[PDB]
Enquirer: 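Below is one structure. I have some questions about it.
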Amino acid sequence: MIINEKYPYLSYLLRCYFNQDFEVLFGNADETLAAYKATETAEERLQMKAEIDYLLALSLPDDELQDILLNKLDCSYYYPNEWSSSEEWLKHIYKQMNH
Amino acid sequence: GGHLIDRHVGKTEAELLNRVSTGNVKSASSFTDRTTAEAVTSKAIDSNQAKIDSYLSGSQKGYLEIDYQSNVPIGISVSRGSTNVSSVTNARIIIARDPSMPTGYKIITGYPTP
Ligand code: NA
């Protein structure tokens with residue numbers, strides 16, 4: 001298998017929205033999250049949130065979770081410059097989805 | 001606006017390295033030249049035409065990722081924390097549904113991927 005076969009919802013956020021041009025297309029990381037929320041269906045974001053939960057529940061060592069987000073799922077946004085850990089950034093994405 | 005793929009054609013090492021230090025991306029990449037960017041874009045669309053066709057007819061997604069794999073360098077990449085320039089053989093194109101275009105989509109951006 002390949003990781004995006006089993007994590008397609010997070011792969012979609014991290015590759016299509018957090019592409020290398022996210023600052024020009026959408027703006028800052030939270031404006032990017034807002035564009036995703038506005039554009040995509042409720043079903044899409046609930047399935048993305050479910051994938052976040054599959055990751056968070058494992059309590060991985062931060063270096064492993066960071067390799068997953070940055071290298072395997074291939075996020076272009078270097079969130080560690082704003083966030084102390086990969087867990088904290090994922091919890092932030094999750095919360096940004098709410099009302 | 002502009003065509004964002006052009007942010008990833010023929011860029012200098014200096015330009016890419018600036019994006020990964022002062023900028024906020026983990027890595028930055030660029031196709032070698034326009035002929036290469038065009039060739040890769042066309043091959044990626046043609047090899048994913050089934051996926052594009054399903055996307056246009058059945059999907060409410062805002063965008064679609066289409067990937068290109070090869071064993072021949074099509075550009076360069078740099079990563080945060082290092083000045084090493086890597087040659088890269090794969091690529092990613094992002095399209096969006098756009099009924100006004102003849103194909104039904106527009107190319108949002110694209111670039112090499114390690
Ligand atoms: Na390759």
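Quick note on labels: first sequence line is chain A, next is B, and so on, each numbered from 1. All values below come from the heavy atoms of this structure, side chains included, with hydrogens, waters and symmetry mates left out.
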Enquirer: Taking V88(B) as the starting point, is it possible to reach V78(B) by hopping between hydrophobic residues whose side chains are less than 4.5 Å apart?
Expert: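 As far as the 4.5 Å side-chain criterion goes, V88(B) and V78(B) are not connected within one cluster.
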Enquirer: Can you hop from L10(A) to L65(A) via hydrophobic side chains spaced under 4.5 Å?
Expert: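 Yes, because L10(A) and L65(A) connect within a single hydrophobic cluster, where side-chain heavy atoms sit under 4.5 Å apart.
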Enquirer: Taking donor and acceptor roles from the modelled atom types, list the N and O pairs under 3.5 Å across chain A and chain B.
Expert:
| unit_1 | atom_1 | unit_2 | atom_2 | d |
| --- | --- | --- | --- | --- |
| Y12(A) | OH | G62(B) | N | 3.2 |
| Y12(A) | OH | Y63(B) | N | 2.9 |
| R15(A) | NH1 | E65(B) | OE2 | 3.0 |
| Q20(A) | N | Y111(B) | OH | 3.0 |
| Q20(A) | OE1 | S29(B) | N | 3.1 |
| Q20(A) | NE2 | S29(B) | OG | 3.2 |
| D21(A) | OD1 | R7(B) | NE | 2.7 |
| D21(A) | OD1 | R7(B) | NH2 | 3.1 |
| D21(A) | OD1 | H8(B) | NE2 | 2.6 |
| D21(A) | OD2 | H8(B) | NE2 | 3.1 |
| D21(A) | OD2 | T109(B) | OG1 | 2.5 |
| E23(A) | OE2 | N24(B) | ND2 | 2.8 |
| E40(A) | OE1 | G62(B) | N | 3.2 |
| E40(A) | OE2 | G62(B) | N | 3.1 |
| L70(A) | O | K26(B) | NZ | 3.0 |
| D74(A) | OD1 | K26(B) | NZ | 2.8 |
| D74(A) | OD2 | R92(B) | NH1 | 2.8 |
| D74(A) | OD2 | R92(B) | NH2 | 3.3 |
| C75(A) | O | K26(B) | NZ | 2.8 |
| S76(A) | O | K26(B) | N | 2.8 |
| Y78(A) | N | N24(B) | O | 2.9 |

Enquirer: Can you tell which part of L4(B) gets under 4.5 Å to a heavy atom of chain A, answering side chain, backbone, both or neither?
Expert: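 For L4(B), backbone and side chain are both near chain A.
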Enquirer: Applying the 4.5 Å side-chain criterion to the ILVMFWY set and letting contacts propagate, would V9(B) and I76(B) be lumped into a single cluster?
Expert: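 No: no chain of side-chain contacts under 4.5 Å links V9(B) to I76(B).
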Enquirer: Take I107(B) and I93(B), measure what side chain to side chain contact (heavy atoms under 4.5 Å, CB included) needs, and give me the verdict at the end.
Expert: CA-CA 7 Å; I107(B) 296 162; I93(B) 310 306; 4.0 Å; yes
Enquirer: Same cluster or not: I5(B) versus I94(B), using hydrophobic residues (I, L, V, M, F, W, Y) connected whenever any side-chain heavy atoms lie under 4.5 Å apart?
Expert: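 Hydrophobic grouping puts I5(B) apart from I94(B).
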Enquirer: Are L13(A) and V24(A) linked, directly or through other ILVMFWY residues, by side chains that come within less than 4.5 angstrom of each other?
Expert: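 Hydrophobic grouping puts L13(A) with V24(A).
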Enquirer: Among pairs that include at least one residue of residues 19-45 of chain B, which meet ring pair (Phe, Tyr, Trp, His ring centres under 6.0 Å), considering only residues two or more places apart or in two chains?
Expert: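 Of all non-adjacent pairs touching residues 19-45 of chain B, none passes ring pair (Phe, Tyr, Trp, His ring centres under 6.0 Å).
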Enquirer: Report yes if the distance between the aromatic ring centroids of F22(A) and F26(A) is under 6.0 Å, otherwise no.
Expert: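 So the answer is no for these two rings.
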Enquirer: Against chain A, label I108(B) side chain, backbone, both or neither, depending on which of its atoms sit under 4.5 Å from a heavy atom there.
Expert: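 Answer is side chain: those atoms of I108(B) sit under 4.5 Å from chain A.
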Enquirer: For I52(B) and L56(B): C-alpha separation, side-chain torsions, deciding distance, then whether side chain to side chain contact (heavy atoms under 4.5 Å, CB included) applies.
Expert: CA-CA 6 Å; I52(B) 292 164; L56(B) 294 171; 3.8 Å; yes
Enquirer: Can you run down the side-chain hydrogen bond (donor to acceptor under 3.5 Å, both in side chains) pairs that involve residues 48-61 of chain A, sequence neighbours left out, and say none if there aren't any?
Expert: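 For residues 48-61 of chain A, and leaving out neighbouring residues, there are no side-chain hydrogen bond (donor to acceptor under 3.5 Å, both in side chains) pairs at all.
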Enquirer: Just to be sure I understand the criterion: a residue of residues 90-99 of chain A counts if one of its heavy atoms is under 4.5 Å from a heavy atom of chain B. Which ones qualify?
Expert: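 Interface residues of residues 90-99 of chain A: none, nothing closer than 4.5 Å to chain B.
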